[PDB]
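Enquirer: This is the content of query.pdb (PDB, C-alpha atoms and all ligand atoms):
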```
ATOM      1  CA  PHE A 486     142.594 128.020  -2.010  1.00  0.00           C
ATOM      2  CA  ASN A 487     144.405 124.683  -1.478  1.00  0.00           C
ATOM      3  CA  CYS A 488     143.103 124.544   2.128  1.00  0.00           C
ATOM      4  CA  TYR A 489     140.109 122.214   2.461  1.00  0.00           C
ATOM      5  CA  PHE A 490     138.123 120.518   5.213  1.00  0.00           C
ATOM      6  CA  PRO A 491     138.892 116.764   5.068  1.00  0.00           C
ATOM      7  CA  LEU A 492     135.292 115.571   5.518  1.00  0.00           C
ATOM      8  CA  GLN A 493     132.113 115.799   3.459  1.00  0.00           C
ATOM      9  CA  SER A 494     128.531 114.708   4.061  1.00  0.00           C
ATOM     10  CA  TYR A 495     126.696 111.865   2.343  1.00  0.00           C
ATOM     11  CA  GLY A 496     123.507 112.577   0.418  1.00  0.00           C
ATOM     12  CA  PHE A 497     121.031 109.951   1.658  1.00  0.00           C
ATOM     13  CA  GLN A 498     117.570 110.601   0.223  1.00  0.00           C
ATOM     14  CA  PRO A 499     114.826 107.931   0.016  1.00  0.00           C
ATOM     15  CA  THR A 500     114.690 108.442  -3.759  1.00  0.00           C
ATOM     16  CA  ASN A 501     118.456 108.106  -4.225  1.00  0.00           C
ATOM     17  CA  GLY A 502     120.010 105.375  -6.335  1.00  0.00           C
ATOM     18  CA  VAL A 503     120.950 102.131  -4.599  1.00  0.00           C
ATOM     19  CA  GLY A 504     124.601 102.991  -5.254  1.00  0.00           C
ATOM     20  CA  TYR A 505     124.064 106.165  -3.222  1.00  0.00           C
ATOM     21  CA  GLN A 506     121.622 104.701  -0.682  1.00  0.00           C
ATOM     22  CA  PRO A 507     122.816 104.338   2.931  1.00  0.00           C
ATOM     23  CA  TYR A 508     124.150 100.966   4.048  1.00  0.00           C
ATOM     24  CA  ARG A 509     124.895  99.999   7.640  1.00  0.00           C
ATOM     25  CA  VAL A 510     128.142  98.036   7.832  1.00  0.00           C
ATOM     26  CA  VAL A 511     129.575  95.989  10.706  1.00  0.00           C
ATOM     27  CA  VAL A 512     133.038  94.443  10.426  1.00  0.00           C
ATOM     28  CA  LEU A 513     133.850  91.693  12.926  1.00  0.00           C
ATOM     29  CA  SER A 514     137.531  90.945  13.523  1.00  0.00           C
ATOM     30  CA  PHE A 515     138.640  87.927  15.537  1.00  0.00           C
ATOM     31  CA  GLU A 516     141.636  87.984  17.858  1.00  0.00           C
ATOM     32  CA  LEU A 517     143.718  85.214  19.464  1.00  0.00           C
ATOM     33  CA  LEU A 518     146.130  86.719  21.993  1.00  0.00           C
ATOM     34  CA  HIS A 519     148.350  85.384  24.757  1.00  0.00           C
ATOM     35  CA  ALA A 520     145.244  85.353  26.940  1.00  0.00           C
ATOM     36  CA  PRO A 521     142.285  83.030  27.552  1.00  0.00           C
ATOM     37  CA  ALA A 522     139.817  82.780  24.687  1.00  0.00           C
ATOM     38  CA  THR A 523     136.591  84.158  26.126  1.00  0.00           C
ATOM     39  CA  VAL A 524     134.302  84.393  23.063  1.00  0.00           C
ATOM     40  CA  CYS A 525     133.157  80.899  22.106  1.00  0.00           C
ATOM     41  CA  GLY A 526     130.356  79.444  20.037  1.00  0.00           C
ATOM     42  CA  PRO A 527     127.172  77.917  21.413  1.00  0.00           C
ATOM     43  CA  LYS A 528     128.497  74.312  21.341  1.00  0.00           C
ATOM     44  CA  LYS A 529     125.127  72.577  21.119  1.00  0.00           C
ATOM     45  CA  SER A 530     124.270  69.555  23.258  1.00  0.00           C
ATOM     46  CA  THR A 531     122.200  66.427  22.607  1.00  0.00           C
ATOM     47  CA  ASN A 532     119.809  64.301  24.617  1.00  0.00           C
ATOM     48  CA  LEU A 533     121.273  61.870  27.150  1.00  0.00           C
ATOM     49  CA  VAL A 534     120.850  58.096  26.832  1.00  0.00           C
TER      50      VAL A 534
ATOM     51  CA  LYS B 195     146.974  82.161  42.272  1.00  0.00           C
ATOM     52  CA  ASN B 196     147.450  83.366  38.701  1.00  0.00           C
ATOM     53  CA  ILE B 197     148.214  80.502  36.329  1.00  0.00           C
ATOM     54  CA  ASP B 198     147.775  80.046  32.563  1.00  0.00           C
ATOM     55  CA  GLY B 199     145.999  83.386  32.372  1.00  0.00           C
ATOM     56  CA  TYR B 200     143.315  82.162  34.779  1.00  0.00           C
ATOM     57  CA  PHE B 201     142.807  83.812  38.170  1.00  0.00           C
ATOM     58  CA  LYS B 202     141.710  81.096  40.600  1.00  0.00           C
ATOM     59  CA  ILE B 203     140.167  81.881  43.991  1.00  0.00           C
ATOM     60  CA  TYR B 204     139.550  79.147  46.564  1.00  0.00           C
ATOM     61  CA  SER B 205     138.043  79.733  49.977  1.00  0.00           C
ATOM     62  CA  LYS B 206     136.625  78.126  53.099  1.00  0.00           C
ATOM     63  CA  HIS B 207     134.704  79.474  56.090  1.00  0.00           C
ATOM     64  CA  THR B 208     135.063  77.760  59.452  1.00  0.00           C
ATOM     65  CA  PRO B 209     134.075  78.520  63.047  1.00  0.00           C
ATOM     66  CA  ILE B 210     136.973  78.961  65.462  1.00  0.00           C
ATOM     67  CA  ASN B 211     137.691  79.844  69.103  1.00  0.00           C
ATOM     68  CA  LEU B 212     141.122  81.508  69.175  1.00  0.00           C
ATOM     69  CA  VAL B 213     142.179  85.159  69.333  1.00  0.00           C
ATOM     70  CA  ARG B 214     145.959  85.042  68.833  1.00  0.00           C
ATOM     71  CA  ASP B 215     147.002  83.180  65.679  1.00  0.00           C
ATOM     72  CA  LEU B 216     145.821  80.648  63.101  1.00  0.00           C
ATOM     73  CA  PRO B 217     143.941  77.722  64.663  1.00  0.00           C
ATOM     74  CA  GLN B 218     145.802  74.454  64.371  1.00  0.00           C
ATOM     75  CA  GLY B 219     143.816  71.796  62.568  1.00  0.00           C
ATOM     76  CA  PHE B 220     142.822  70.878  59.057  1.00  0.00           C
ATOM     77  CA  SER B 221     140.206  71.959  56.539  1.00  0.00           C
ATOM     78  CA  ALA B 222     140.164  72.064  52.765  1.00  0.00           C
ATOM     79  CA  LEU B 223     139.275  75.001  50.544  1.00  0.00           C
ATOM     80  CA  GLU B 224     136.764  74.484  47.763  1.00  0.00           C
ATOM     81  CA  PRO B 225     137.119  76.690  44.665  1.00  0.00           C
ATOM     82  CA  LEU B 226     134.904  79.769  44.382  1.00  0.00           C
ATOM     83  CA  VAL B 227     135.972  81.695  41.271  1.00  0.00           C
ATOM     84  CA  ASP B 228     138.040  81.089  38.128  1.00  0.00           C
ATOM     85  CA  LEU B 229     138.684  84.341  36.227  1.00  0.00           C
ATOM     86  CA  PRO B 230     139.951  84.133  32.581  1.00  0.00           C
ATOM     87  CA  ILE B 231     141.862  87.400  32.745  1.00  0.00           C
ATOM     88  CA  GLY B 232     145.268  86.787  31.168  1.00  0.00           C
ATOM     89  CA  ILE B 233     146.488  89.718  33.253  1.00  0.00           C
ATOM     90  CA  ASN B 234     150.056  89.830  34.500  1.00  0.00           C
ATOM     91  CA  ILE B 235     149.982  90.144  38.289  1.00  0.00           C
ATOM     92  CA  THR B 236     153.090  90.620  40.438  1.00  0.00           C
ATOM     93  CA  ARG B 237     151.854  92.626  43.444  1.00  0.00           C
ATOM     94  CA  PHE B 238     148.730  92.981  45.533  1.00  0.00           C
ATOM     95  CA  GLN B 239     147.319  94.634  48.638  1.00  0.00           C
ATOM     96  CA  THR B 240     144.387  94.333  51.033  1.00  0.00           C
ATOM     97  CA  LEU B 241     141.509  96.782  51.581  1.00  0.00           C
ATOM     98  CA  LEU B 242     139.906  97.213  55.000  1.00  0.00           C
TER      99      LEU B 242
ATOM    100  CA  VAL C   2     117.589 122.105  15.124  1.00  0.00           C
ATOM    101  CA  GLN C   3     115.574 125.141  16.217  1.00  0.00           C
ATOM    102  CA  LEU C   4     116.595 128.574  14.899  1.00  0.00           C
ATOM    103  CA  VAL C   5     115.377 131.811  16.524  1.00  0.00           C
ATOM    104  CA  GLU C   6     116.364 135.182  15.037  1.00  0.00           C
ATOM    105  CA  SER C   7     116.371 138.573  16.735  1.00  0.00           C
ATOM    106  CA  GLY C   8     117.643 142.114  16.248  1.00  0.00           C
ATOM    107  CA  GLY C   9     115.632 143.353  13.276  1.00  0.00           C
ATOM    108  CA  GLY C  10     114.112 146.801  13.139  1.00  0.00           C
ATOM    109  CA  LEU C  11     114.201 150.258  11.601  1.00  0.00           C
ATOM    110  CA  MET C  12     117.538 151.980  11.008  1.00  0.00           C
ATOM    111  CA  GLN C  13     118.770 154.967   9.021  1.00  0.00           C
ATOM    112  CA  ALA C  14     121.180 154.480   6.123  1.00  0.00           C
ATOM    113  CA  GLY C  15     124.771 154.597   7.339  1.00  0.00           C
ATOM    114  CA  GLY C  16     123.909 153.152  10.750  1.00  0.00           C
ATOM    115  CA  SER C  17     124.724 149.731  12.156  1.00  0.00           C
ATOM    116  CA  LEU C  18     122.584 146.942  13.617  1.00  0.00           C
ATOM    117  CA  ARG C  19     123.365 143.539  15.147  1.00  0.00           C
ATOM    118  CA  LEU C  20     121.169 140.517  14.453  1.00  0.00           C
ATOM    119  CA  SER C  21     121.200 137.500  16.753  1.00  0.00           C
ATOM    120  CA  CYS C  22     120.472 133.849  15.999  1.00  0.00           C
ATOM    121  CA  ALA C  23     120.687 131.293  18.800  1.00  0.00           C
ATOM    122  CA  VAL C  24     121.368 127.744  17.587  1.00  0.00           C
ATOM    123  CA  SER C  25     120.159 124.773  19.605  1.00  0.00           C
ATOM    124  CA  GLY C  26     119.976 121.007  19.244  1.00  0.00           C
ATOM    125  CA  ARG C  27     122.663 119.073  17.416  1.00  0.00           C
ATOM    126  CA  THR C  28     125.126 121.931  17.094  1.00  0.00           C
ATOM    127  CA  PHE C  29     127.732 120.149  14.976  1.00  0.00           C
ATOM    128  CA  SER C  30     131.406 120.991  15.452  1.00  0.00           C
ATOM    129  CA  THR C  31     131.992 120.770  11.686  1.00  0.00           C
ATOM    130  CA  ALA C  32     128.884 122.652  10.496  1.00  0.00           C
ATOM    131  CA  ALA C  33     128.294 126.272   9.440  1.00  0.00           C
ATOM    132  CA  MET C  34     125.764 129.035   9.915  1.00  0.00           C
ATOM    133  CA  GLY C  35     124.576 131.374   7.196  1.00  0.00           C
ATOM    134  CA  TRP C  36     122.498 134.498   6.869  1.00  0.00           C
ATOM    135  CA  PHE C  37     120.263 134.964   3.822  1.00  0.00           C
ATOM    136  CA  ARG C  38     117.728 137.638   2.913  1.00  0.00           C
ATOM    137  CA  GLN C  39     114.472 137.818   0.968  1.00  0.00           C
ATOM    138  CA  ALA C  40     113.056 141.174  -0.103  1.00  0.00           C
ATOM    139  CA  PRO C  41     109.322 141.551  -0.837  1.00  0.00           C
ATOM    140  CA  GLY C  42     108.555 140.165  -4.275  1.00  0.00           C
ATOM    141  CA  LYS C  43     112.121 138.858  -4.694  1.00  0.00           C
ATOM    142  CA  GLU C  44     113.663 135.407  -4.377  1.00  0.00           C
ATOM    143  CA  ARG C  45     115.637 134.358  -1.307  1.00  0.00           C
ATOM    144  CA  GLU C  46     119.239 135.521  -1.634  1.00  0.00           C
ATOM    145  CA  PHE C  47     122.351 134.285   0.163  1.00  0.00           C
ATOM    146  CA  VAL C  48     124.078 136.956   2.273  1.00  0.00           C
ATOM    147  CA  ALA C  49     126.886 135.471   4.370  1.00  0.00           C
ATOM    148  CA  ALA C  50     127.978 132.195   5.914  1.00  0.00           C
ATOM    149  CA  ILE C  51     130.373 131.279   8.718  1.00  0.00           C
ATOM    150  CA  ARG C  52     131.791 127.880   9.632  1.00  0.00           C
ATOM    151  CA  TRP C  53     131.230 126.962  13.285  1.00  0.00           C
ATOM    152  CA  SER C  54     134.759 125.619  13.742  1.00  0.00           C
ATOM    153  CA  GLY C  55     137.377 128.299  13.133  1.00  0.00           C
ATOM    154  CA  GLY C  56     135.007 131.107  12.238  1.00  0.00           C
ATOM    155  CA  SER C  57     136.157 131.673   8.669  1.00  0.00           C
ATOM    156  CA  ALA C  58     133.583 133.759   6.844  1.00  0.00           C
ATOM    157  CA  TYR C  59     132.252 133.891   3.295  1.00  0.00           C
ATOM    158  CA  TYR C  60     130.165 136.775   1.979  1.00  0.00           C
ATOM    159  CA  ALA C  61     127.935 137.334  -1.008  1.00  0.00           C
ATOM    160  CA  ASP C  62     129.197 140.033  -3.357  1.00  0.00           C
ATOM    161  CA  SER C  63     126.183 142.218  -2.529  1.00  0.00           C
ATOM    162  CA  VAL C  64     127.327 142.520   1.103  1.00  0.00           C
ATOM    163  CA  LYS C  65     131.102 141.919   0.978  1.00  0.00           C
ATOM    164  CA  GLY C  66     133.029 144.618   2.833  1.00  0.00           C
ATOM    165  CA  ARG C  67     129.984 145.995   4.682  1.00  0.00           C
ATOM    166  CA  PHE C  68     128.510 143.146   6.750  1.00  0.00           C
ATOM    167  CA  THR C  69     130.303 140.919   9.268  1.00  0.00           C
ATOM    168  CA  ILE C  70     129.147 137.506  10.515  1.00  0.00           C
ATOM    169  CA  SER C  71     130.407 136.114  13.834  1.00  0.00           C
ATOM    170  CA  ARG C  72     129.385 133.325  16.193  1.00  0.00           C
ATOM    171  CA  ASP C  73     129.822 132.660  19.904  1.00  0.00           C
ATOM    172  CA  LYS C  74     130.429 128.935  20.378  1.00  0.00           C
ATOM    173  CA  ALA C  75     129.926 128.992  24.158  1.00  0.00           C
ATOM    174  CA  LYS C  76     126.534 130.676  23.666  1.00  0.00           C
ATOM    175  CA  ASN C  77     125.690 128.774  20.445  1.00  0.00           C
ATOM    176  CA  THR C  78     124.746 132.091  18.837  1.00  0.00           C
ATOM    177  CA  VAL C  79     125.673 133.614  15.475  1.00  0.00           C
ATOM    178  CA  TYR C  80     125.599 137.384  14.999  1.00  0.00           C
ATOM    179  CA  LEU C  81     125.188 139.598  11.937  1.00  0.00           C
ATOM    180  CA  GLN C  82     126.569 143.136  12.332  1.00  0.00           C
ATOM    181  CA  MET C  83     124.885 145.128   9.543  1.00  0.00           C
ATOM    182  CA  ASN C  84     127.054 148.206   8.945  1.00  0.00           C
ATOM    183  CA  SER C  85     126.673 150.883   6.251  1.00  0.00           C
ATOM    184  CA  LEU C  86     122.996 150.115   5.718  1.00  0.00           C
ATOM    185  CA  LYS C  87     121.644 150.840   2.238  1.00  0.00           C
ATOM    186  CA  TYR C  88     118.162 150.989   0.719  1.00  0.00           C
ATOM    187  CA  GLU C  89     118.691 147.705  -1.142  1.00  0.00           C
ATOM    188  CA  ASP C  90     119.536 145.912   2.112  1.00  0.00           C
ATOM    189  CA  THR C  91     115.865 146.169   3.155  1.00  0.00           C
ATOM    190  CA  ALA C  92     114.553 142.590   3.424  1.00  0.00           C
ATOM    191  CA  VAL C  93     113.596 139.882   5.884  1.00  0.00           C
ATOM    192  CA  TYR C  94     116.765 138.121   7.027  1.00  0.00           C
ATOM    193  CA  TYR C  95     116.635 134.447   7.995  1.00  0.00           C
ATOM    194  CA  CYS C  96     119.350 132.461   9.744  1.00  0.00           C
ATOM    195  CA  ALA C  97     119.914 128.874   8.630  1.00  0.00           C
ATOM    196  CA  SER C  98     122.159 125.986   9.685  1.00  0.00           C
ATOM    197  CA  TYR C  99     124.229 123.902   7.265  1.00  0.00           C
ATOM    198  CA  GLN C 100     124.317 120.311   8.500  1.00  0.00           C
ATOM    199  CA  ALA C 101     126.135 119.500   5.255  1.00  0.00           C
ATOM    200  CA  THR C 102     129.859 119.532   6.008  1.00  0.00           C
ATOM    201  CA  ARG C 103     131.106 121.235   2.835  1.00  0.00           C
ATOM    202  CA  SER C 104     134.870 121.407   2.381  1.00  0.00           C
ATOM    203  CA  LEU C 105     134.605 124.635   0.348  1.00  0.00           C
ATOM    204  CA  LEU C 106     132.953 127.422   2.344  1.00  0.00           C
ATOM    205  CA  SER C 107     131.812 129.242  -0.808  1.00  0.00           C
ATOM    206  CA  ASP C 108     129.593 126.236  -1.614  1.00  0.00           C
ATOM    207  CA  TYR C 109     127.330 127.322   1.264  1.00  0.00           C
ATOM    208  CA  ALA C 110     126.235 130.248  -0.920  1.00  0.00           C
ATOM    209  CA  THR C 111     124.274 127.898  -3.186  1.00  0.00           C
ATOM    210  CA  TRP C 112     123.678 124.796  -1.026  1.00  0.00           C
ATOM    211  CA  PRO C 113     120.019 124.221  -0.102  1.00  0.00           C
ATOM    212  CA  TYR C 114     119.948 124.292   3.691  1.00  0.00           C
ATOM    213  CA  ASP C 115     118.047 122.038   6.099  1.00  0.00           C
ATOM    214  CA  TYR C 116     116.322 124.216   8.728  1.00  0.00           C
ATOM    215  CA  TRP C 117     115.201 127.835   8.817  1.00  0.00           C
ATOM    216  CA  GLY C 118     114.466 130.426  11.466  1.00  0.00           C
ATOM    217  CA  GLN C 119     111.288 132.463  11.579  1.00  0.00           C
ATOM    218  CA  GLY C 120     112.779 135.695  10.221  1.00  0.00           C
ATOM    219  CA  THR C 121     113.323 139.177  11.596  1.00  0.00           C
ATOM    220  CA  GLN C 122     112.358 142.318   9.692  1.00  0.00           C
ATOM    221  CA  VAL C 123     115.089 144.823   8.853  1.00  0.00           C
ATOM    222  CA  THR C 124     113.965 148.089   7.243  1.00  0.00           C
ATOM    223  CA  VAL C 125     116.555 150.596   6.009  1.00  0.00           C
ATOM    224  CA  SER C 126     115.393 154.199   5.704  1.00  0.00           C
TER     225      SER C 126
HETATM  226  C1  LIG D   1     154.054  89.396  31.593  1.00  0.00           C
HETATM  227  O1  LIG D   1     155.419  89.647  31.930  1.00  0.00           O
HETATM  228  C2  LIG D   1     156.390  88.924  31.162  1.00  0.00           C
HETATM  229  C3  LIG D   1     157.745  89.299  31.716  1.00  0.00           C
HETATM  230  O2  LIG D   1     157.624  90.133  32.860  1.00  0.00           O
HETATM  231  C4  LIG D   1     156.245  89.237  29.679  1.00  0.00           C
HETATM  232  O3  LIG D   1     157.118  88.395  28.935  1.00  0.00           O
HETATM  233  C5  LIG D   1     154.812  89.056  29.194  1.00  0.00           C
HETATM  234  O4  LIG D   1     154.674  89.569  27.874  1.00  0.00           O
HETATM  235  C6  LIG D   1     153.803  89.743  30.118  1.00  0.00           C
HETATM  236  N1  LIG D   1     152.441  89.420  29.724  1.00  0.00           N
HETATM  237  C7  LIG D   1     151.471  90.336  29.646  1.00  0.00           C
HETATM  238  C8  LIG D   1     150.126  89.834  29.220  1.00  0.00           C
HETATM  239  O5  LIG D   1     151.671  91.519  29.907  1.00  0.00           O
END
```
Write the structure described by the file as structure tokens, please.

Expert:
Amino acid sequence: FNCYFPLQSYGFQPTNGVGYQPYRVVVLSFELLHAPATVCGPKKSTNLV
Amino acid sequence: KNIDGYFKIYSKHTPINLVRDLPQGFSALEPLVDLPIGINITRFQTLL
Amino acid sequence: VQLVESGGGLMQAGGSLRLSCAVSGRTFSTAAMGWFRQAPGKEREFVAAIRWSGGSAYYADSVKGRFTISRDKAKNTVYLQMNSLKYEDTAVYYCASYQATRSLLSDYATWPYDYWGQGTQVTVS
């Protein structure tokens, strides 16, 4: 009484409603420190003339 | 050297015939490595 | 998970008997183990459950005060000490694992479990 476990399982069944269906989530956070920037984009090239 | 967050390593290999001290003469060191570490460095040591 | 029961057999009323149930596989730190029983011609009936972390126990009314459930984490085994055996206690007892982390231990009395052992016969004379 008044002493509960903080976690609970999710019910993911194939027949479950989309609201209750499992979703994989990735959250990407970008950081600019007082350090070199080491994650850059592809920076595409062109042909040479 | 450790500048602007980049760790730069230059080096040069030369043949020599002297057993006491540094040979007198002249040769330039071409860069080998540039490490983007951003790590504060103030001390170091050698490993043999 | 794989569940393997042991310890069933014939005992006289008033005696005591210890069942064993070794748990292997994904033995969750925040799971629970329960013992249930099914008598011939009767529906499966919840007996007792224990949470793996902490070892707090919950008992069905039919067994409260007589039976004790315990588990050895190091050995990944749960035990049922069946004291004060009665005629009605005669049944096949199955040990099951609750992968569902339920906050309220009593909910494990009614939760449908995931995996079941093979059963061990207990007969009370
Ligand atoms: C390096 O040291 C200086 C002073 O010693 C300090 O201001 C600076 O925050 C340090 N930088 C890192 C990346 O630790």

Enquirer: Could you please extract the residues within 8 Å of ligand LIG 1 (chain D), counting only C-alpha atoms and all ligand atoms, and hand them back as a CSV table (one decimal) with C-alpha atoms, in the coordinates of the input?

Expert:
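Saved file out-v1.csv follows:
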```
chain,number,residue,atom,x,y,z
A,519,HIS,CA,148.4,85.4,24.8
A,520,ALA,CA,145.2,85.4,26.9
B,232,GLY,CA,145.3,86.8,31.2
B,233,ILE,CA,146.5,89.7,33.3
B,234,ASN,CA,150.1,89.8,34.5
B,235,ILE,CA,150.0,90.1,38.3
```

Enquirer: Kindly indicate which residue among B:216, B:203, B:197, B:226 lies nearest to chain A, using only C-alpha atoms for the distances.

Expert: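 So, comparing all the options, the nearest one is B:197.
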
Enquirer: So which residues get picked by the ChimeraX specification (/A :<9) & /B here, written as an MDAnalysis selection string?

Expert: chainID B and resid 198:200 230:233

Enquirer: Once the PyMOL selection byres ((chain C) within 10 of (chain A)) is applied to the coordinates I shared, what remains selected? I want it as a ChimeraX atom specification.

Expert: /C:31,100-106

Enquirer: Would you list the contacts of stretch 64-80 of chain C as a list in words, taking every protein, DNA or RNA residue within 6 Å and counting only C-alpha atoms, but skipping same-chain residues closer than 2 positions in sequence?

Expert: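 Selected residues are residues 20, 21, 22, 23, 24, 60, 61, 62, 82, 83 and 84 of chain C.
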
Enquirer: Take the residues that were just selected and, keeping C-alpha atoms, output them as a PDB file, in the frame of the given file.

Expert:
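Result file result00.pdb:
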```pdb
ATOM      1  CA  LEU C  20     121.169 140.517  14.453  1.00  0.00           C
ATOM      2  CA  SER C  21     121.200 137.500  16.753  1.00  0.00           C
ATOM      3  CA  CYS C  22     120.472 133.849  15.999  1.00  0.00           C
ATOM      4  CA  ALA C  23     120.687 131.293  18.800  1.00  0.00           C
ATOM      5  CA  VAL C  24     121.368 127.744  17.587  1.00  0.00           C
ATOM      6  CA  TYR C  60     130.165 136.775   1.979  1.00  0.00           C
ATOM      7  CA  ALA C  61     127.935 137.334  -1.008  1.00  0.00           C
ATOM      8  CA  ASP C  62     129.197 140.033  -3.357  1.00  0.00           C
ATOM      9  CA  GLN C  82     126.569 143.136  12.332  1.00  0.00           C
ATOM     10  CA  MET C  83     124.885 145.128   9.543  1.00  0.00           C
ATOM     11  CA  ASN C  84     127.054 148.206   8.945  1.00  0.00           C
TER      12      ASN C  84
END
```

Enquirer: Taking the file as I've supplied it (selection: the PyMOL selection byres (((chain B and resi 206) around 12) and not hetatm)), which residues are included? Please answer as a ChimeraX atom specification.

Expert: /B:203-205,207-209,220-226

Enquirer: Just to be explicit: take each residue in the selection above, keep C-alpha atoms, and write the result as a PDB file, in the coordinates of the input.

Expert:
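Below is the file that was written, selection.pdb:
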```
ATOM      1  CA  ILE B 203     140.167  81.881  43.991  1.00  0.00           C
ATOM      2  CA  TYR B 204     139.550  79.147  46.564  1.00  0.00           C
ATOM      3  CA  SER B 205     138.043  79.733  49.977  1.00  0.00           C
ATOM      4  CA  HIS B 207     134.704  79.474  56.090  1.00  0.00           C
ATOM      5  CA  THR B 208     135.063  77.760  59.452  1.00  0.00           C
ATOM      6  CA  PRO B 209     134.075  78.520  63.047  1.00  0.00           C
ATOM      7  CA  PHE B 220     142.822  70.878  59.057  1.00  0.00           C
ATOM      8  CA  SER B 221     140.206  71.959  56.539  1.00  0.00           C
ATOM      9  CA  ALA B 222     140.164  72.064  52.765  1.00  0.00           C
ATOM     10  CA  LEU B 223     139.275  75.001  50.544  1.00  0.00           C
ATOM     11  CA  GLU B 224     136.764  74.484  47.763  1.00  0.00           C
ATOM     12  CA  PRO B 225     137.119  76.690  44.665  1.00  0.00           C
ATOM     13  CA  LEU B 226     134.904  79.769  44.382  1.00  0.00           C
TER      14      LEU B 226
END
```

Enquirer: Could you state the separation of atom CA of residue C:13 and atom CA of residue C:40 in Å, given to one decimal place?

Expert: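 Those two atoms sit 17.5 Å apart.
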
Enquirer: Is it possible to get the axis-aligned box enclosing stretch 89-95 of chain C (all listed atoms, 8 Å extra per side) as JSON, with centre and edge lengths in Å rounded to one decimal?

Expert:
```
{"center_x": 116.6, "center_y": 141.1, "center_z": 3.4, "size_x": 21.9, "size_y": 29.3, "size_z": 25.1}
```

Enquirer: As a list in words, please: the residues near residue C:125 (cut-off 7 Å, only C-alpha atoms, same-chain neighbours under 6 positions excluded).

Expert: residues 11, 12, 13, 14, 86, 87, 88, 90 and 91 of chain C

Enquirer: Which residues are near residue C:38? Cut-off 10 Å, all atoms listed in the file, ignore same chain within fewer than 5 positions. Put them as number ranges by chain.

Expert: C: 43-49, 90-96, 120-123

Enquirer: What does the distance between atom CA of residue C:81 and atom CA of residue C:26 come to in Å, to one decimal place?

Expert: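 Pair atom CA of residue C:81 / atom CA of residue C:26 returns 20.6 Å.
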